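Enquirer: File follows, input-v3.pdb with PDB, N, CA and C atoms:
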ATOM      1  N   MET A   1      -7.486   3.055   9.158  1.00  0.00           N
ATOM      2  CA  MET A   1      -8.167   4.337   8.870  1.00  0.00           C
ATOM      3  C   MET A   1      -7.663   4.959   7.569  1.00  0.00           C
ATOM      4  N   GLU A   2      -7.287   4.148   6.582  1.00  0.00           N
ATOM      5  CA  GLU A   2      -6.724   4.708   5.367  1.00  0.00           C
ATOM      6  C   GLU A   2      -7.839   5.073   4.389  1.00  0.00           C
ATOM      7  N   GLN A   3      -8.547   6.140   4.727  1.00  0.00           N
ATOM      8  CA  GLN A   3      -9.640   6.642   3.913  1.00  0.00           C
ATOM      9  C   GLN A   3      -9.133   7.787   3.045  1.00  0.00           C
ATOM     10  N   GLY A   4      -9.620   7.869   1.815  1.00  0.00           N
ATOM     11  CA  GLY A   4      -9.196   8.935   0.935  1.00  0.00           C
ATOM     12  C   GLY A   4      -9.992   8.977  -0.347  1.00  0.00           C
ATOM     13  N   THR A   5      -9.709   9.971  -1.167  1.00  0.00           N
ATOM     14  CA  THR A   5     -10.370  10.122  -2.450  1.00  0.00           C
ATOM     15  C   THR A   5      -9.479   9.584  -3.567  1.00  0.00           C
ATOM     16  N   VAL A   6     -10.066   8.815  -4.474  1.00  0.00           N
ATOM     17  CA  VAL A   6      -9.332   8.288  -5.612  1.00  0.00           C
ATOM     18  C   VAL A   6      -8.978   9.424  -6.558  1.00  0.00           C
ATOM     19  N   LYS A   7      -7.687   9.688  -6.699  1.00  0.00           N
ATOM     20  CA  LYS A   7      -7.220  10.781  -7.534  1.00  0.00           C
ATOM     21  C   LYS A   7      -7.452  10.452  -9.001  1.00  0.00           C
ATOM     22  N   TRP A   8      -6.856   9.352  -9.451  1.00  0.00           N
ATOM     23  CA  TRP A   8      -7.001   8.905 -10.832  1.00  0.00           C
ATOM     24  C   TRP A   8      -6.358   7.532 -10.997  1.00  0.00           C
ATOM     25  N   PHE A   9      -6.766   6.798 -12.022  1.00  0.00           N
ATOM     26  CA  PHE A   9      -6.256   5.455 -12.250  1.00  0.00           C
ATOM     27  C   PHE A   9      -5.649   5.330 -13.647  1.00  0.00           C
ATOM     28  N   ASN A  10      -4.338   5.164 -13.708  1.00  0.00           N
ATOM     29  CA  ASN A  10      -3.658   5.033 -14.985  1.00  0.00           C
ATOM     30  C   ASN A  10      -3.825   3.617 -15.517  1.00  0.00           C
ATOM     31  N   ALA A  11      -4.916   3.417 -16.243  1.00  0.00           N
ATOM     32  CA  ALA A  11      -5.251   2.111 -16.789  1.00  0.00           C
ATOM     33  C   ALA A  11      -4.206   1.636 -17.793  1.00  0.00           C
ATOM     34  N   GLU A  12      -3.349   2.554 -18.238  1.00  0.00           N
ATOM     35  CA  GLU A  12      -2.230   2.200 -19.101  1.00  0.00           C
ATOM     36  C   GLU A  12      -1.352   1.154 -18.417  1.00  0.00           C
ATOM     37  N   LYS A  13      -1.056   1.372 -17.142  1.00  0.00           N
ATOM     38  CA  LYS A  13      -0.283   0.404 -16.377  1.00  0.00           C
ATOM     39  C   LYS A  13      -1.222  -0.535 -15.634  1.00  0.00           C
ATOM     40  N   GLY A  14      -2.299   0.029 -15.110  1.00  0.00           N
ATOM     41  CA  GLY A  14      -3.230  -0.736 -14.309  1.00  0.00           C
ATOM     42  C   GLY A  14      -3.125  -0.377 -12.844  1.00  0.00           C
ATOM     43  N   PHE A  15      -2.740   0.863 -12.577  1.00  0.00           N
ATOM     44  CA  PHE A  15      -2.551   1.332 -11.213  1.00  0.00           C
ATOM     45  C   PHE A  15      -3.450   2.519 -10.933  1.00  0.00           C
ATOM     46  N   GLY A  16      -3.952   2.594  -9.722  1.00  0.00           N
ATOM     47  CA  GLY A  16      -4.712   3.749  -9.318  1.00  0.00           C
ATOM     48  C   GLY A  16      -3.992   4.530  -8.249  1.00  0.00           C
ATOM     49  N   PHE A  17      -4.151   5.838  -8.259  1.00  0.00           N
ATOM     50  CA  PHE A  17      -3.579   6.667  -7.224  1.00  0.00           C
ATOM     51  C   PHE A  17      -4.680   7.255  -6.367  1.00  0.00           C
ATOM     52  N   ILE A  18      -4.489   7.172  -5.065  1.00  0.00           N
ATOM     53  CA  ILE A  18      -5.430   7.721  -4.111  1.00  0.00           C
ATOM     54  C   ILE A  18      -4.717   8.748  -3.241  1.00  0.00           C
ATOM     55  N   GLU A  19      -5.427   9.799  -2.864  1.00  0.00           N
ATOM     56  CA  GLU A  19      -4.816  10.916  -2.167  1.00  0.00           C
ATOM     57  C   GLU A  19      -5.075  10.840  -0.668  1.00  0.00           C
ATOM     58  N   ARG A  20      -3.998  10.914   0.098  1.00  0.00           N
ATOM     59  CA  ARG A  20      -4.072  10.931   1.547  1.00  0.00           C
ATOM     60  C   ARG A  20      -3.343  12.159   2.073  1.00  0.00           C
ATOM     61  N   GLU A  21      -3.632  12.532   3.310  1.00  0.00           N
ATOM     62  CA  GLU A  21      -2.916  13.611   3.972  1.00  0.00           C
ATOM     63  C   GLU A  21      -1.437  13.243   4.115  1.00  0.00           C
ATOM     64  N   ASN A  22      -1.188  12.007   4.547  1.00  0.00           N
ATOM     65  CA  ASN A  22       0.173  11.508   4.758  1.00  0.00           C
ATOM     66  C   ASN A  22       0.891  11.236   3.433  1.00  0.00           C
ATOM     67  N   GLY A  23       0.127  11.044   2.369  1.00  0.00           N
ATOM     68  CA  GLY A  23       0.725  10.751   1.083  1.00  0.00           C
ATOM     69  C   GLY A  23      -0.299  10.693  -0.029  1.00  0.00           C
ATOM     70  N   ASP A  24      -0.143  11.554  -1.020  1.00  0.00           N
ATOM     71  CA  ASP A  24      -1.072  11.605  -2.140  1.00  0.00           C
ATOM     72  C   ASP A  24      -0.510  10.844  -3.338  1.00  0.00           C
ATOM     73  N   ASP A  25      -0.179   9.586  -3.104  1.00  0.00           N
ATOM     74  CA  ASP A  25       0.411   8.735  -4.129  1.00  0.00           C
ATOM     75  C   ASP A  25       0.324   7.274  -3.715  1.00  0.00           C
ATOM     76  N   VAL A  26      -0.837   6.887  -3.207  1.00  0.00           N
ATOM     77  CA  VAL A  26      -1.045   5.521  -2.753  1.00  0.00           C
ATOM     78  C   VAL A  26      -1.444   4.637  -3.926  1.00  0.00           C
ATOM     79  N   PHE A  27      -0.616   3.635  -4.199  1.00  0.00           N
ATOM     80  CA  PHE A  27      -0.831   2.737  -5.326  1.00  0.00           C
ATOM     81  C   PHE A  27      -1.907   1.706  -5.009  1.00  0.00           C
ATOM     82  N   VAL A  28      -3.095   1.900  -5.549  1.00  0.00           N
ATOM     83  CA  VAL A  28      -4.154   0.919  -5.392  1.00  0.00           C
ATOM     84  C   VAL A  28      -4.211   0.029  -6.627  1.00  0.00           C
ATOM     85  N   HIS A  29      -4.323  -1.273  -6.408  1.00  0.00           N
ATOM     86  CA  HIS A  29      -4.383  -2.216  -7.512  1.00  0.00           C
ATOM     87  C   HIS A  29      -5.454  -3.268  -7.255  1.00  0.00           C
ATOM     88  N   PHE A  30      -6.016  -3.798  -8.335  1.00  0.00           N
ATOM     89  CA  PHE A  30      -7.225  -4.620  -8.272  1.00  0.00           C
ATOM     90  C   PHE A  30      -6.966  -6.022  -7.722  1.00  0.00           C
ATOM     91  N   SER A  31      -5.774  -6.247  -7.196  1.00  0.00           N
ATOM     92  CA  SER A  31      -5.455  -7.512  -6.549  1.00  0.00           C
ATOM     93  C   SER A  31      -5.955  -7.506  -5.104  1.00  0.00           C
ATOM     94  N   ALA A  32      -6.422  -6.341  -4.655  1.00  0.00           N
ATOM     95  CA  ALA A  32      -6.936  -6.187  -3.299  1.00  0.00           C
ATOM     96  C   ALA A  32      -8.312  -5.526  -3.311  1.00  0.00           C
ATOM     97  N   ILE A  33      -8.974  -5.575  -4.463  1.00  0.00           N
ATOM     98  CA  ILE A  33     -10.290  -4.966  -4.618  1.00  0.00           C
ATOM     99  C   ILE A  33     -11.367  -5.892  -4.047  1.00  0.00           C
ATOM    100  N   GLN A  34     -12.464  -5.311  -3.581  1.00  0.00           N
ATOM    101  CA  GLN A  34     -13.556  -6.078  -2.991  1.00  0.00           C
ATOM    102  C   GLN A  34     -14.502  -6.610  -4.069  1.00  0.00           C
ATOM    103  N   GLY A  35     -15.700  -7.003  -3.653  1.00  0.00           N
ATOM    104  CA  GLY A  35     -16.697  -7.480  -4.585  1.00  0.00           C
ATOM    105  C   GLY A  35     -17.972  -6.659  -4.521  1.00  0.00           C
ATOM    106  N   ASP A  36     -19.115  -7.347  -4.501  1.00  0.00           N
ATOM    107  CA  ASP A  36     -20.436  -6.702  -4.440  1.00  0.00           C
ATOM    108  C   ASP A  36     -20.692  -5.829  -5.664  1.00  0.00           C
ATOM    109  N   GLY A  37     -19.906  -6.036  -6.707  1.00  0.00           N
ATOM    110  CA  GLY A  37     -20.038  -5.231  -7.902  1.00  0.00           C
ATOM    111  C   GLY A  37     -19.072  -4.065  -7.914  1.00  0.00           C
ATOM    112  N   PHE A  38     -18.546  -3.719  -6.745  1.00  0.00           N
ATOM    113  CA  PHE A  38     -17.612  -2.611  -6.634  1.00  0.00           C
ATOM    114  C   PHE A  38     -16.209  -3.056  -7.027  1.00  0.00           C
ATOM    115  N   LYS A  39     -15.987  -3.138  -8.325  1.00  0.00           N
ATOM    116  CA  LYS A  39     -14.680  -3.472  -8.867  1.00  0.00           C
ATOM    117  C   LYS A  39     -14.180  -2.324  -9.724  1.00  0.00           C
ATOM    118  N   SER A  40     -14.944  -1.246  -9.707  1.00  0.00           N
ATOM    119  CA  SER A  40     -14.633  -0.071 -10.491  1.00  0.00           C
ATOM    120  C   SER A  40     -14.141   1.053  -9.591  1.00  0.00           C
ATOM    121  N   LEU A  41     -12.961   1.566  -9.881  1.00  0.00           N
ATOM    122  CA  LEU A  41     -12.468   2.735  -9.182  1.00  0.00           C
ATOM    123  C   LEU A  41     -12.525   3.927 -10.117  1.00  0.00           C
ATOM    124  N   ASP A  42     -13.155   4.997  -9.664  1.00  0.00           N
ATOM    125  CA  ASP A  42     -13.373   6.154 -10.509  1.00  0.00           C
ATOM    126  C   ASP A  42     -12.808   7.409  -9.863  1.00  0.00           C
ATOM    127  N   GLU A  43     -12.277   8.284 -10.698  1.00  0.00           N
ATOM    128  CA  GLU A  43     -11.648   9.508 -10.239  1.00  0.00           C
ATOM    129  C   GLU A  43     -12.651  10.407  -9.515  1.00  0.00           C
ATOM    130  N   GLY A  44     -12.325  10.766  -8.283  1.00  0.00           N
ATOM    131  CA  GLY A  44     -13.163  11.677  -7.537  1.00  0.00           C
ATOM    132  C   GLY A  44     -14.066  10.985  -6.534  1.00  0.00           C
ATOM    133  N   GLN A  45     -14.049   9.653  -6.499  1.00  0.00           N
ATOM    134  CA  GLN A  45     -14.884   8.930  -5.543  1.00  0.00           C
ATOM    135  C   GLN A  45     -14.123   8.686  -4.242  1.00  0.00           C
ATOM    136  N   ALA A  46     -14.863   8.509  -3.159  1.00  0.00           N
ATOM    137  CA  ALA A  46     -14.264   8.294  -1.850  1.00  0.00           C
ATOM    138  C   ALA A  46     -14.300   6.820  -1.467  1.00  0.00           C
ATOM    139  N   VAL A  47     -13.201   6.336  -0.906  1.00  0.00           N
ATOM    140  CA  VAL A  47     -13.100   4.946  -0.472  1.00  0.00           C
ATOM    141  C   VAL A  47     -12.388   4.844   0.876  1.00  0.00           C
ATOM    142  N   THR A  48     -12.519   3.694   1.522  1.00  0.00           N
ATOM    143  CA  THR A  48     -11.835   3.424   2.778  1.00  0.00           C
ATOM    144  C   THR A  48     -11.104   2.095   2.665  1.00  0.00           C
ATOM    145  N   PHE A  49      -9.860   2.044   3.100  1.00  0.00           N
ATOM    146  CA  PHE A  49      -9.058   0.853   2.899  1.00  0.00           C
ATOM    147  C   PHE A  49      -7.867   0.821   3.840  1.00  0.00           C
ATOM    148  N   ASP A  50      -7.028  -0.190   3.662  1.00  0.00           N
ATOM    149  CA  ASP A  50      -5.789  -0.291   4.418  1.00  0.00           C
ATOM    150  C   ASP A  50      -4.602  -0.075   3.478  1.00  0.00           C
ATOM    151  N   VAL A  51      -3.486   0.401   4.008  1.00  0.00           N
ATOM    152  CA  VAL A  51      -2.310   0.654   3.186  1.00  0.00           C
ATOM    153  C   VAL A  51      -1.082  -0.022   3.768  1.00  0.00           C
ATOM    154  N   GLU A  52      -0.448  -0.851   2.960  1.00  0.00           N
ATOM    155  CA  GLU A  52       0.784  -1.501   3.357  1.00  0.00           C
ATOM    156  C   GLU A  52       1.931  -0.975   2.507  1.00  0.00           C
ATOM    157  N   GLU A  53       2.852  -0.271   3.145  1.00  0.00           N
ATOM    158  CA  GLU A  53       4.008   0.271   2.449  1.00  0.00           C
ATOM    159  C   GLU A  53       5.061  -0.807   2.258  1.00  0.00           C
ATOM    160  N   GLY A  54       5.477  -0.993   1.020  1.00  0.00           N
ATOM    161  CA  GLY A  54       6.523  -1.944   0.727  1.00  0.00           C
ATOM    162  C   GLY A  54       7.890  -1.306   0.818  1.00  0.00           C
ATOM    163  N   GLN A  55       8.809  -1.774  -0.006  1.00  0.00           N
ATOM    164  CA  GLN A  55      10.143  -1.201  -0.070  1.00  0.00           C
ATOM    165  C   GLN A  55      10.076   0.132  -0.805  1.00  0.00           C
ATOM    166  N   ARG A  56       9.820   1.194  -0.040  1.00  0.00           N
ATOM    167  CA  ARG A  56       9.530   2.519  -0.587  1.00  0.00           C
ATOM    168  C   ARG A  56       8.406   2.445  -1.615  1.00  0.00           C
ATOM    169  N   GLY A  57       7.175   2.430  -1.128  1.00  0.00           N
ATOM    170  CA  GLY A  57       6.030   2.339  -2.009  1.00  0.00           C
ATOM    171  C   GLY A  57       4.775   1.919  -1.274  1.00  0.00           C
ATOM    172  N   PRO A  58       3.893   2.873  -0.957  1.00  0.00           N
ATOM    173  CA  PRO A  58       2.640   2.600  -0.262  1.00  0.00           C
ATOM    174  C   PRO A  58       1.571   2.071  -1.208  1.00  0.00           C
ATOM    175  N   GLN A  59       1.209   0.806  -1.061  1.00  0.00           N
ATOM    176  CA  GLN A  59       0.169   0.235  -1.896  1.00  0.00           C
ATOM    177  C   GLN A  59      -1.063  -0.078  -1.064  1.00  0.00           C
ATOM    178  N   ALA A  60      -2.213  -0.018  -1.705  1.00  0.00           N
ATOM    179  CA  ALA A  60      -3.477  -0.230  -1.026  1.00  0.00           C
ATOM    180  C   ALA A  60      -3.840  -1.706  -0.973  1.00  0.00           C
ATOM    181  N   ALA A  61      -4.278  -2.139   0.197  1.00  0.00           N
ATOM    182  CA  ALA A  61      -4.726  -3.503   0.411  1.00  0.00           C
ATOM    183  C   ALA A  61      -6.021  -3.478   1.207  1.00  0.00           C
ATOM    184  N   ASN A  62      -6.917  -4.421   0.928  1.00  0.00           N
ATOM    185  CA  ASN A  62      -8.252  -4.428   1.535  1.00  0.00           C
ATOM    186  C   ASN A  62      -8.972  -3.138   1.193  1.00  0.00           C
ATOM    187  N   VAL A  63      -9.591  -3.093   0.029  1.00  0.00           N
ATOM    188  CA  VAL A  63     -10.264  -1.885  -0.398  1.00  0.00           C
ATOM    189  C   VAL A  63     -11.767  -1.981  -0.162  1.00  0.00           C
ATOM    190  N   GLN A  64     -12.299  -1.009   0.567  1.00  0.00           N
ATOM    191  CA  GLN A  64     -13.716  -0.954   0.880  1.00  0.00           C
ATOM    192  C   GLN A  64     -14.303   0.365   0.370  1.00  0.00           C
ATOM    193  N   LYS A  65     -15.574   0.357   0.009  1.00  0.00           N
ATOM    194  CA  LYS A  65     -16.216   1.550  -0.498  1.00  0.00           C
ATOM    195  C   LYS A  65     -16.723   2.416   0.646  1.00  0.00           C
ATOM    196  N   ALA A  66     -16.500   3.716   0.531  1.00  0.00           N
ATOM    197  CA  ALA A  66     -17.029   4.663   1.491  1.00  0.00           C
ATOM    198  C   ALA A  66     -18.440   5.064   1.093  1.00  0.00           C
TER     199      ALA A  66
END
How would this structure read if it were set down as structure tokens?
Expert:
Amino acid sequence: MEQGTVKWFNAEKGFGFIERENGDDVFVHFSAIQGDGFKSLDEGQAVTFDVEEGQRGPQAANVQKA
């Protein structure tokens, strides 16, 4: 149920941040992005996905469009 709004994507590094109630700093990266043309993450759009926290660091995995 890791649904949230994409806050912004720092293309400088290649990381996107998505805002959640539990944490507004979810690292989304295009290594877990879907297809169907939806390979673009844009600030202010809503998405649904899964989040796997690593060694202090919640990253997004399995990204689906809301």
Enquirer: Just give me the gap between CA of residue 34 in chain A and CA of residue 62 in chain A in Å, one decimal is fine.
Expert: 7.2 Å
Enquirer: So that I can see what lies close to residue 18 in chain A, please list as an NGL selection string the residues with an atom at most 5 Å from it, counting all atoms listed in the file and leaving out residues fewer than 3 positions away in the same chain.
Expert: :A and (5-7 or 24-26)
Enquirer: May I ask for the distance between CA of residue 16 in chain A and CA of residue 41 in chain A, given in Å to one decimal place?
Expert: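 So the two atoms, CA of residue 16 in chain A and CA of residue 41 in chain A, lie 7.8 Å apart.
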Enquirer: Taking the file as shown, what set of residues would the PyMOL selection byres ((chain A and resi 45) around 6) give back, as a VMD selection string?
Expert: chain A and resid 4 to 6 42 to 44 46 to 47
Enquirer: In Å to one decimal, how far is atom C of residue 2 in chain A from CA of residue 50 in chain A?
Expert: 5.7 Å
Enquirer: Pick from A:56, A:66, A:15, A:40: nearest to residue 27 in chain A, with all atoms listed in the file counted?
Expert: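 Closest to residue 27 in chain A, using all atoms listed in the file: A:15.
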Enquirer: Expand the PyMOL selection byres ((chain A and resi 63) around 6.5) into the explicit residue set it covers here, and present it as a list in words.
Expert: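 With the shown file as input, the PyMOL selection byres ((chain A and resi 63) around 6.5) matches residues 32, 33, 34, 48, 49, 50, 60, 61, 62, 64 and 65 of chain A.
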Enquirer: Quick one: residues within 12 Å of residue 14 in chain A, only C-alpha atoms counted, chain neighbours fewer than 3 positions away excluded, as an MDAnalysis selection string?
Expert: chainID A and resid 8:11 17 27:31 41
